Each structure stands twice: as structure tokens, then as C-alpha cells.
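K.L.:
My structure is below; once you've seen it, I'll send some questions.
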Amino acid sequence: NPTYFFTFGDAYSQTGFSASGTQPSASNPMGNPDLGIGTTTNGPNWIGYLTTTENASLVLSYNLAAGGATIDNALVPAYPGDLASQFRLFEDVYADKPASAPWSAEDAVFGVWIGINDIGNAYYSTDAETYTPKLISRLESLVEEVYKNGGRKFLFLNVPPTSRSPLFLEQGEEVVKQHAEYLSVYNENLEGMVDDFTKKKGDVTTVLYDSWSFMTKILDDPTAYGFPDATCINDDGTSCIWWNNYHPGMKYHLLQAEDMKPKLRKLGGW
């Protein structure tokens, strides 16, 4: 009946879900905390909207994303809850298909949105062309853990244009440009990995969602989407693209979830 939606990522995805908090159910698909709590948006984020607003059938959200996460602290380090640690939490609690989340290959979707903080911390100190393959390869080996558990449906979001967040705009247009060039190489290598994984496994269902082009379209013509400009900040999450200087608000996240829905039909919950 349900789609079990396990997500992994950083503060663009965090909701504050605890593996010991109330677990997801049909009456409470997010589990914990309440829908709209725990995000960097002032309200629901893209996962809350995909689970409760844009869903075509019952989706249960197990959201392991943690703020500030990089892929693996052995590569670009930041916070303890890196992506590797999120996969370890999955291994510890959900990989064995417990009664609270008795998932199978046909009804589990694994969504990963990572790379914002790897790029944000490493864009001027590392070489994109040789370093981002190392980041992407570690992402692939983490995915491989879930593949060996039996997972077969995967959603990857590429990195949005955080180069044009207020946090980077204030550092100067040349810094925006340097970050954006690094980010573009990361996203190219992400696409190559997802394509190669899909073809080599042969039994997976995958979606690569181009969040970069979507958010860029909004930033390039903000008033067409109800925003006064591409640079203002408002903690209401709706008057501006940006909720704070580095994270977009709930209105942006809703627009993204609505854009995602038709692309996610093949994954079973949309």
C-alpha cells in the first residue's frame, strides 16, 4: 500500500525527524515532527509537500537529512551527520525491514539531495575536475549499500544555484562565478554517475531531478512567480525566494515539489 520514502541530504531537506520519534503512518505520514516544523523554509519543505500535498497515493517519509551535511567527512568535512552517517543510521534502523518500515524493492524510494555543502566548503580550495569525481564516487558507494539491501528505486536531485544565494552574492560577483563553475562540474558528474548506475544495474528505476535549471528559471524571472526580486530575504518563507541568506523558503519549496511531481510518477508515489 504505502511508498516508503527514505531521504538523505542537508538543510535543504532536513525536518528534524528522529528515528526514535513517532514513526510514519497513514494518519501521520511524516512521523515526526509535525509537518511544517524543523525545516529551513518557515513551513513544509519539498519532502513535506511531496509526501502530503503532491502525493498520488500513501507516502511515508523517513527523512534522515541533517543540516550542514557533506557527503563524507573523510572528503569535505563539516558536521558529524554527514551523508555517510545518514546511511549508517539507515543501516542500523531500517535496512533490516523492521515491522515499523517493512519495505521492499517494489515500494521503497531512496531520495538523495547532497552536494550544496561539499561545494560551498570546497569550491575555491579543490580542483573541480579531479575532486568532484571523488565526491560522486563516494555517493555511489553509499547508494550501493542500499542496493545490496534490495533497494531499487532512487531519486537524485542535482545541486541548485546556491551561487546566487544572498550569502554568496554578498561575497562578490566573481565569487558567485567561481562557485557556479565548480558547481556545474559537480552536477555534470552527478548526471554521468546516475546514468551509468541506471544502465549497469539494469533493474533500477531512477530519476535525476534538475533542481538547478528549475531554481535558475525562477531566479531569472522572479516576478513571474510572485517574488519581487531574486535577492531579498524574508523569514515568512513566502515574500522572497530566500528564507535566510542561504536557504529558500516554503513558497520556493512548494513550486519545486509541484515541478517534481510529474517527473516522479515512475517512482510510485506521485
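In this analysis, Cβ positions are derived from the backbone assuming ideal geometry, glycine residues included, and neighbour counts consider all displayed protein chains. Taken together, the values in this text are just the output of simple stated rules run on the coordinates, not laboratory data.
K.L.:
As a test of the formula, what do you get for the chain when each DSSP H run with n ≥ 4 contributes -39,500 (n - 2.57) and the sum is divided by the residue count, at 222 nm and rounded to the nearest 500 deg cm²/dmol?
P.N.:
Here the helix-only value at 222 nm equals -12500 deg cm²/dmol.
K.L.:
Can I ask one more? Distances over 19 Å make up what percent of all Cα-Cα pairs in region 20-168?
P.N.:
Beyond 19 Å sits 58 percent of the P(r) for region 20-168.
K.L.:
Can you give the convex hull volume of the alpha carbon atoms of region 1-95 per residue, in Å³?
P.N.:
With only Cα atoms used, region 1-95 gives 91 Å³ per residue.
K.L.:
Also: For region 3-267, what log10 I(q)/I(0) values come out of the Debye formula at q = 0.07, 0.08, 0.13 1/Å, with one point per alpha carbon and no solvent?
P.N.:
Result of the Debye calculation: -0.22, -0.29, -0.81.
K.L.:
For region 1-81, what is the relative contact order in percent, using Cα pairs closer than 8 Å and at least 6 residues apart in sequence?
P.N.:
Normalised by residue count, the contact order of region 1-81 is 41 percent.
K.L.:
Further question on the same structure: Rounded to the nearest 5, what % of the DSSP beta bridges within region 3-267 are antiparallel ones?
P.N.:
Approximately 15 percent, going by the DSSP bridge assignments.
K.L.:
Okay, next question. Projected onto the charge dipole of region 3-267 (+1 at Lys/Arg Cβ, -1 at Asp/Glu Cβ, origin at the Cα centre), which of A224, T126, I47 gives the Cα projection farthest towards the positive end?
P.N.:
The residue sitting farthest along the positive end of the dipole is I47.
K.L.:
On to the next question. Normalised by the number of residues in the chain, what is the relative contact order in percent for Cα pairs under 8 Å and 6+ residues apart?
P.N.:
Reported as a whole number, the value is 22 percent.
K.L.:
Can I ask one more? Order of 14-25, 64-75, 253-264 by packing, highest average Cβ count within 10 Å first?
P.N.:
So the peptides 14-25, 64-75, 253-264, ranked by packing, come out 64-75, 253-264, 14-25.
K.L.:
Still on this model: Return a whole-number percent for the relative contact order of region 199-270, with Cα pairs under 8 Å and 6 or more residues apart as the contact set.
P.N.:
Averaging sequence separation for qualifying contacts and normalising by length gives 22 percent for region 199-270.
K.L.:
Fewest first, what order do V146, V175 take by the number of other Cβ atoms within 10 Å?
P.N.:
Fewest-to-most Cβ neighbours within 10 Å comes out as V175, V146.
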